[PDB]
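# Observations on chain architecture
Letter by letter, the chains look like this.
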Amino acid sequence: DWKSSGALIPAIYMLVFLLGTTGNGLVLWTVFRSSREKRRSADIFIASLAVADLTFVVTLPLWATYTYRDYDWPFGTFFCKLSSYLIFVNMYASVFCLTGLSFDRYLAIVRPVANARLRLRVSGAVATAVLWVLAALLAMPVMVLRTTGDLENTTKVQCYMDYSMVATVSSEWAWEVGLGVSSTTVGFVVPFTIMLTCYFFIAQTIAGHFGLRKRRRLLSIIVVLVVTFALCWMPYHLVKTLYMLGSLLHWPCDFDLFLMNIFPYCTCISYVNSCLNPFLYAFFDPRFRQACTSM
Amino acid sequence: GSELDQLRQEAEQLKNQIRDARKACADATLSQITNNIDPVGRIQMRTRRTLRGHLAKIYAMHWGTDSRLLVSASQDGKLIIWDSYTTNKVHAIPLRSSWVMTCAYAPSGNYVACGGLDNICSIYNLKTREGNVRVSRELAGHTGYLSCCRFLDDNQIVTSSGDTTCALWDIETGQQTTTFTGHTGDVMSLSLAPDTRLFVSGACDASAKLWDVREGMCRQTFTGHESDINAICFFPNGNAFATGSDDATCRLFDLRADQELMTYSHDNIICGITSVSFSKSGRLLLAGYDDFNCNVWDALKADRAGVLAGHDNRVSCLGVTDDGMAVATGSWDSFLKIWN
Amino acid sequence: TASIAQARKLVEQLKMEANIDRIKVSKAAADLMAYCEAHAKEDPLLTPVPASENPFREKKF
Amino acid sequence: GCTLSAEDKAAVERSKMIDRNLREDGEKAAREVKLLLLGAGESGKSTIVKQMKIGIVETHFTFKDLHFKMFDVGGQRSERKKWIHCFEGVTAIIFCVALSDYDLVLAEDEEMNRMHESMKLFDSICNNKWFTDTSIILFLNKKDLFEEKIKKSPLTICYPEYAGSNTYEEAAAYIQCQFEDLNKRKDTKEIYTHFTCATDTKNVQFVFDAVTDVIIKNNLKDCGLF
Amino acid sequence: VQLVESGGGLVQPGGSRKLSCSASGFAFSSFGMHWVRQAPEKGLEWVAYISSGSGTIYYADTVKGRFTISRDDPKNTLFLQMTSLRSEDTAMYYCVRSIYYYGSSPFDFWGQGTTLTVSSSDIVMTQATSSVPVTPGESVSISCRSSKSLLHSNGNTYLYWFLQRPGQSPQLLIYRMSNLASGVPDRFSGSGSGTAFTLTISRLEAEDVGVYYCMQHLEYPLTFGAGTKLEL
Ligand SMILES: CCC(CC)n1c(Cc2cccs2)nc2cc(C(=O)N[C@H](CC(=O)O)CC(C)C)ccc21
């Protein structure tokens, strides 16, 4: 390796722990300490996005010391199964909150007279109870297939996703590729399509119903949401699939060292999305800015 | 003389004589008398219960005579009877007109009244053989909206309306038996005497009048406010009453002296008063305000003795049980609370 | 002829209002205080009552 | 509760049923449109606006499976400020004004024509404290009188500072702009204008379009995007 | 108010029978309903109970798993599915309405009944002096006893009194040991303390002759005591 000599990764991981914790602390606090006379059909979705994000980074320093040394692990085996569970579960919970928030907006704007009943049965508290449940049911192998394995001797012990627990030889490859693929189609691809389609019909409803200041502000925000999400979560999912494909793609050593080299930075990119998520949804509301700033 | 010149000046001298007579019988203020007595300490009350189920603003409530049941009216066209001990709903009565602004409870427990923005007072029968609640009588003789209604007995009720009139009815026949006239602006509230032989009302012309139920016309008139009067209540003794107006002040009036007694105001209060109620011993005066919270006043020294915060909108209703056990407050956020 | 009925009833109402008895404020002030001290003990809000006598005691649930 | 008697569980179940009924019936009252119908004296509100379909007076009608409720408070004749906050959550306000009135003077005051106090009533209602973010639908009725009155008696009688072609279109546009300029919010409230007279339909359709626009904007502001 | 029952008659052992009642004249959908049994020359015996809204259903130990109760709200009809029978269920079956809220009086209207001649921890309530000779114009006292205390922690005392005149249906007299029913003379009165109860009746008339029962409602199952047949 040694291209990370100049180890910003321990520095970047620690830095994200600062902005990613206090940013969602304000959002979480002001939601539960505010009056209930507003109930603007979104506080449930905004609060869930903070919970799915606050814990997503609360475990960050545990992996900051991991890469600071030469792949050490002084925190035992139990944490290696519990540290990974809190990251994968909240990686699926946030990307589900964004999709649920986007579908709630479609039912209320495009046709608010024909979808009035449909917005009552499946929405609100009903939808927030299935994204949390399905998130846990999809990050189950991280608890099961995690054991502090070894290397030459792992004098600096390491934590990785053990793969021989379930399947024997000539079969562990499926549990490596098949498990990883399921984290992409459901983790990224399917939720991204829903937000892409839902926001296009909302797009051709503000242009056809609006002065020229609210028509310019609302169309510019919508283009940011569909670009920021796609720009931040794509590099992580693209390399993993590139590295996973190496099992069948006979990539020489001239390339495999590049994927492992740049992967730690890809994880850093996805973290800044959680830093600006409170700004794009909760704080970009004048009636919400005056809530926490006064309090 | 054909012209009405001399008769106009007659009322000017008559008003002066009453003013002069009132001054001649003012020996000392109430503060000078109740000065050496020990002041009441800080009054702390907590929300024992919280009744929920209304889906719009709450405009009135009334306590039952057994100190356990109460009725509540809201702008979603519903009347609900609560069980304050266990927080249970005994009845739910739908209304034909959803613009209700008042409600009352019969002193026997068999009947409930309603009305508002329809010039019609409706009487409901609670003890029914077929097991439901039905409307029995529908009194309709007013030309303005209904402000208040108070039961006299099982067959008599007195109402005040926005057409500057109050009427005493006969529910058996449905015809007005007495009409009380003399107010200039709309009448907003009335309070019944403990012995049910007199009553008082407050109107929008910043004045209050004392009526005689049996004979049926005014006896005394009280002035001193500077805006509309929205609330009135009777001292438990029956020889005084308190008014709450729109100039962020409350006052205490005495029938036997026709004088001002006390004023309950502070600099940091600028919103009006919507409700007024008394304590069993007549020592604590409770008042609701538009600043979203209620206040407790020491009626003998005018000092403030507590605050009832916990409502997220205007406080519009306020009542104290017959035994003085608890206090209920309603508000525009559709929540009732019991404080003990 | 124009307004004689209204001017004849306002005077009638106001004339009798001077024919009532008035007591002194100090006498009226004392009677207001003597009523409170007479049975101030029966006030559950002025003097808090023990939780055994409270029907609105905050139970476990 | 494990300490309740046999006659308290039944009461609790009764309360549960009462609550279920209240909740079920409370969500049917949020799917209908409430319109507070105002206007001026002899402004033709009852002629067409209250006739376009089939104390306080209430009217119900349905157009394209949407439920409307109109509340007429013309006959109240009391202090307006004591009951104006009851209609604090209405969807919109309908205003009816007869523009053939610029020559006709008030039946009680001969100093000014009734159009001036019509404008005064519009100003008072539009800039109310309780209607900060409630839109207004404006109707201009009996336009079949206006052009033939203007071809003889011009707009100079009502507006002496106006300078135009003294035709129907220019005078109507000037009156419409004069009425629309009374708005002082301009960001949380919008005004919709229409010329009605006595025409076949084209009034319920206008009201339906305006309330659909209001509903869309309200939902968009409530869901977060504003 | 009216309650008419139909579906009686003889039944060979092992068969099944259909029982139904029709309610007309009151809001049937807000009143819990019971079935009460009376064998020839014996006392009363509670059978079942279905609440308002078909939420909670109870049964007696003798008929649990063998009798079923059903409600038909739209046409105001109460049913009783009756599976395999025996030569023991020969009795008369009544239907009683009851409503529960703060201050209500359950067991108001008792219906009429239908003959059903079949071809061939529980609280104990005891009554004595099954026959008492009485004269008009005097006063007489009736006593009923229980095994467990009926005084609940909230102050209620779930004890009821009924009267079955010769050839008639039972009617409510006193509910909760102290409250007089509706439409009954002021002569009747009741009192008790914890476990021992006494019904006081004074100035009897020709219409006061019958059998008097005491019933508890502290907890299910509901147990009926014996009776005292007043005789002229
Ligand atoms: C749970 C730990 C976090 C890192 C903080 N973590 C997340 C969740 C996220 C945390 C922040 C954003 S996302 N996913 C991960 C995937 C891998 C992984 O698969 N490593 C492979 C090793 C091999 O296959 O030999 C190949 C790589 C080296 C190219 C490792 C760590 C991962």
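If you check the header, you'll see the entry was determined by cryo-EM and the resolution is listed as 2.93 Å.

### With respect to the UniProt feature "disulfide bond" in chain A
Residues and elements named next belong to chain A. A separation of 2.0 Å between the sulfurs of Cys80 and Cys159 falls under 2.5 Å, matching the UniProt disulfide annotation for this pair. On the criterion of sequence distance, the pair formed by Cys80 in helix α4 (residues 76–109) and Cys159 in the loop between α7 (141–144) and α8 (172–206) is long-range, its members being 79 residues apart. Of the residues examined, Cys159 reaches a relative accessible area of 6% and is grouped as buried.

### Description of the interface of chain D and chain B
The interface of chain D with chain B comprises 24 residues on the first partner and 30 residues on the second. Both sides of the chain D and chain B interface together cover about 2,100 Å² of buried area, and 55% of this is carbon and sulfur. Among the residues chain D hides against chain B, the three largest losses belong to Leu22(D), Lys82(D) and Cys86(D). Together they make up 26% of the total. Our enumeration of links across chain D and chain B arrives at four salt bridges. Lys57(B) is the salt-bridge partner of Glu88(D), the closest N and O atoms lying 4.0 Å from each other. One can count six residue pairs in polar contact joining chain D with chain B. By residue number, the principal contributor to the side of chain D that touches chain B is helix α1 (residues 6–26) of chain D, which donates eight residues.

### Here's the deal with the packing of aromatic side chains
Two aromatic rings, taken as a pair, are described by how far apart their centres are and by the angle between their planes. The tally for this structure, following the rule as stated, stands at 56 aromatic pairs over all chains. Between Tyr162(D) and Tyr174(D), the aromatic rings sit 4.5 Å apart at their centres with planes inclined by 35°, giving tilted as the arrangement. Note that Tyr162(D) is positioned in the loop between α4 (146–150) and α5 (168–180) and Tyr174(D) in helix α5, a separation of 12 residues in sequence. A residue is classified by how much of its surface remains accessible, and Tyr174(D), at 24% relative accessible area, is partly exposed. Both rings, one in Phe107(E) and one in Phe162(E), keep their centres 6.2 Å apart while their planes meet at 65°; by these two values the pair is edge-to-face. One exposure class covers both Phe107(E) and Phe162(E), and it is buried. Each residue in the set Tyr94(E), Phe107(E), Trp110(E), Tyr160(E), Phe162(E) and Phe224(E) is aromatic and connected to the rest through ring pairs, giving one cluster. Taking the ring centre of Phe210(A) as reference, the NZ or CZ of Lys217(D) above it sits at 4.4 Å.

### Notes on the state of the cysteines
Considering all chains together, one arrives at two disulfides over all chains under this definition. The disulfide bridge from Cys80(A) ends at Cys159(A), spanning 2.0 Å between sulfur atoms. Of note, the bridge from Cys80(A) to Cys159(A) carries an S-S torsion of about 75° and is right-handed in sense. Residue pairing for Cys144(E): its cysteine sulfur links by disulfide to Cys214(E), the two sulfurs lying 2.0 Å apart.

### Looking at the domain arrangement of chain E
Residue and element names in this part refer to chain E. Partitioning chain E into structural domains gives domain 1 (2–115) and domain 2 (125–224). The C-alpha centroid of domain 2 is placed 23 Å from the C-alpha centroid of domain 1. Listed as interface residues are 20 residues of domain 1 and, on the opposing side, 15 residues of domain 2. Between domain 1 and domain 2 the total buried area reaches about 1,500 Å² when both faces are included, carbon and sulfur atoms providing 66% of it. Among the residues domain 1 hides against domain 2, the three largest losses belong to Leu44, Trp46 and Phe107. Together they make up 37% of the total.

### Describing the environment of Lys209(B)
Residue and element names in this part refer to chain B. In this fold, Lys209 is placed in strand β16 (residues 207–212). Between the alpha carbons of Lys209 and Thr223 there is a distance of 9.1 Å; along the sequence they are 14 residues apart. The residues touching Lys209, leaving out its near neighbours within four places in the chain, are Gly182, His183, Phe199, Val200, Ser201, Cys218, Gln220 and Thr221. Here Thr221 takes part through its side chain, which lies 2.7 Å from a polar atom of the side chain of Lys209.

### Let's talk about the site of the ligand
Residue and element names in this part refer to chain A. Around the ligand, the structure places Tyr13, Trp63, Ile87, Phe88, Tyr236, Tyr243, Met260, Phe263, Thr267 and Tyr271. Contact with the protein chains covers 73% of the free accessible surface of the ligand, which is 700 Å². Of all the secondary-structure elements, those providing two or more residues to the shell around the ligand are α4, α9 (214–245) and α10 (253–281). Of the residues contributing to the shell around the ligand, the split by class is nine nonpolar, one polar and no charged.

### Quick notes on the sheet that holds strand β6 (residues 67–72) of chain E
Pairing between the strands of a sheet comes from backbone hydrogen bonds, and it takes one of two forms, parallel or antiparallel. All names here are of chain E. Spatially, β1-β2-β7-β6 is the arrangement adopted by the four strands of the open sheet, whose pairing is antiparallel. Looking at strand neighbours, the two that pair on one side only are β1 (2–6) and β6, the edges of this open sheet. The average angle at which neighbouring strand axes cross in this sheet is 15°, direction not considered. Judged from the five bridges that link them, β1 and strand β2 (residues 17–24) form a sheet pairing that is antiparallel.

The rules behind the values
- Numbers given to residues start from 1 along each chain, in the order its sequence is written, and need not follow the entry; residues that have no coordinates are not shown.
- Note on labels: chains are lettered from A, ligands numbered from 1, in written order.
- Computation of side-chain values covers all heavy atoms of the structure but excludes hydrogens and water.
- Residues with missing side-chain atoms are left out of burial classes, side-chain pairs and their counts.
- Any pair of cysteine sulfurs within 2.5 Å is marked as a disulfide.
- UniProt positions are given in the numbering used here, feature names are shortened, and annotations may be inferred rather than shown by experiment.
- Starting at the N terminus, helices and strands are each numbered in turn, a helix being any DSSP run of H or I of at least four residues and a strand any DSSP run of E of at least two.
- A simple rule labels every residue: compare its accessible area, found with a 1.4 Å probe on the protein chains alone, to the largest value its type can have, and call it buried under 20%, exposed over 50%, or partly exposed in between.
- The contact criterion used is simple: two residues touch if any of their non-hydrogen atoms lie within 4.5 Å.
- A simple way to read buried area is as the amount of 1.4 Å-probe accessible surface that goes missing from two parts once joined, with both sides added.
- The working definition used for a salt bridge is a side-chain nitrogen of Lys or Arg within 4 Å of a carboxyl oxygen of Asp or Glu.
- The term polar contact refers here to a pair of N or O atoms within 3.5 Å; inside protein, the definition further demands a hydrogen-donor-capable atom paired with an acceptor-capable atom, and it admits residues adjacent in sequence only when both atoms are side-chain atoms.
- When the centres of two rings from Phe, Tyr and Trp lie within 6.5 Å, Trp using its six-membered ring, the rings pair. Their planes under 30 degrees apart give stacked, over 60 give edge-to-face, and anything left gives tilted.
- A ring is scored as having a charge over it whenever the NZ atom of a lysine or the CZ atom of an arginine sits within 6 Å of its centre and within 35 degrees of its normal.
- Domain start and stop points were drawn from an automatic or database domain assignment.
- A single heavy atom is enough: if one lies within 4 Å of a molecule or strand, its residue is considered near that molecule or strand.
- Accessible areas in this description were obtained via Shrake-Rupley with a 1.4 Å probe; residue shielding takes into account the shown protein chains only.
- In the scheme used here, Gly and all other residues not listed as nonpolar or charged are polar, with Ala, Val, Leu, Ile, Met, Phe, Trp, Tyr, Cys and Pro taken as nonpolar and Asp, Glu, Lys and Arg as charged.
- Only strands that DSSP links by at least two bridges are regarded as paired with each other.
- Lines fitted to C-alpha atoms define the axes, with helix axes restricted to the stretch in contact, and inter-axis angles between N-to-C directions lie between 0 and 180 degrees.

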